[PDB]
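Since the structure comes first, as structure tokens, the remarks are kept for the end.
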Amino acid sequence: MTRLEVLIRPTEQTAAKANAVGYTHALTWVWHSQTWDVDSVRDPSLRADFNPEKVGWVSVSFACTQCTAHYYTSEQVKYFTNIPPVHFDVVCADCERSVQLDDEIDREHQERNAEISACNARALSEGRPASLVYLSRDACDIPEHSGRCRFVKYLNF
Ligand SMILES: [Zn+2]
Ligand SMILES: [Zn+2]
């Protein structure tokens with residue numbers, strides 16, 4: 001449960017009338033779940049048309065660029081109209097983790113390939129063929145990588 005505050009202030013074309021009645025801004029808010037607790041979701045600041053006789057909607061849409069997670073909320077704002085739609089097209093909290101695995105996959109390939117190196121060397125000292133090959137994403141024998149890498153179970157065995 002996270003509050004997202006939205007500040008609305010008059011456009012240039014309505015600012016004089018807003019001043020005349022002394023109503024210079026609206027501060028409103030909506031709420032969102034943990035899915036959208038990410039750095040790129042920040043309290044917006046908007047310009048809209050002050051109008052003394054209308055109530056407008058502010059709409060805030062969230063959508064993940066990597067998955068189809070999405071969320072729509074809205075709130076009424078007195079005396080402001082034509083409020084720009086707010087869109088957060090972001091990488092959601094669950095997808096943030098998935099793209100970061102690249103640093104893990106790479107580290108684990110480095111480790112494995114060190115062990116492959118050692119096995120090949122040992123084999124050359126025992127008079128067996130040194131048949132193992134280093135891993136990459138296109139040819140990987142770590143079972144937990146399957147999908148992120150092309151799992152080739154018997155690559156090195
Ligand atoms: Zn996502
Ligand atoms: Zn791999």
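If you're wondering about the labels, chains in the structure tokens are A, B, ... by order shown, residues count from 1 in each chain, ligands from 1 in order shown.
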Can you tell me, as a PyMOL selection string, which residues in range 2-133 of chain A count as helix (DSSP H, G or I) by DSSP?
chain A and resi 15-21+34-36+95-100+102-126
Residues contacting ligand 2 - anything with an atom at most 10 Å away, using only C-alpha atoms and all ligand atoms - can you give me those as a ChimeraX atom specification?
/A:102,104-110,112,135-152
Using only C-alpha atoms and all ligand atoms, which residues of the polymer chains come no farther than 9 Å from ligand 1? I'd like the answer as a list in words.
residues 35, 63, 64, 65, 66, 67, 68, 69, 70, 90, 91, 92, 93, 94, 95 and 96 of chain A
If DSSP is run on the backbone, what residues of range 4-79 of chain A are strand (DSSP E or B)? A reply as a VMD selection string would be ideal.
chain A and resid 4 to 10 26 to 32 45 to 64 70 to 79
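With only C-alpha atoms as the atoms that count, the residue of A:43, A:75, A:111, A:37 with the shortest distance to residue 7 in chain A is A:43.
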Would you mind reading off the distance between CA of residue 99 in chain A and CA of residue 153 in chain A, one decimal, in Å?
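Interatomic distance, CA of residue 99 in chain A to CA of residue 153 in chain A: 24.3 Å.
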What lies within 7 Å of residue 14 in chain A using only C-alpha atoms, ignoring chain neighbours under 3 positions off, as a list in words?
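Once the adjacent positions are removed, what remains is residues 10, 11, 17, 18, 49 and 50 of chain A.
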If we count only C-alpha atoms and set the cut-off at 7 Å, which residues sit around residue 77 in chain A, ignoring sequence neighbours fewer than 6 positions away in its own chain? Please answer as a PyMOL selection string.
chain A and resi 55-58
Residue selection dump (C-alpha atoms) as a tab-separated table (two decimals), in the first residue's frame:
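As written to disk, again34.tsv reads:
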```tsv
chain	number	residue	atom	x	y	z
A	55	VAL	CA	-14.95	18.53	-11.31
A	56	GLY	CA	-12.33	16.65	-13.41
A	57	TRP	CA	-10.88	13.13	-13.32
A	58	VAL	CA	-7.19	12.47	-12.90
```
Please, what distance in Å, to one decimal, runs between CA of residue 40 in chain A and CA of residue 78 in chain A?
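Value for the CA of residue 40 in chain A-CA of residue 78 in chain A distance: 27.8 Å.
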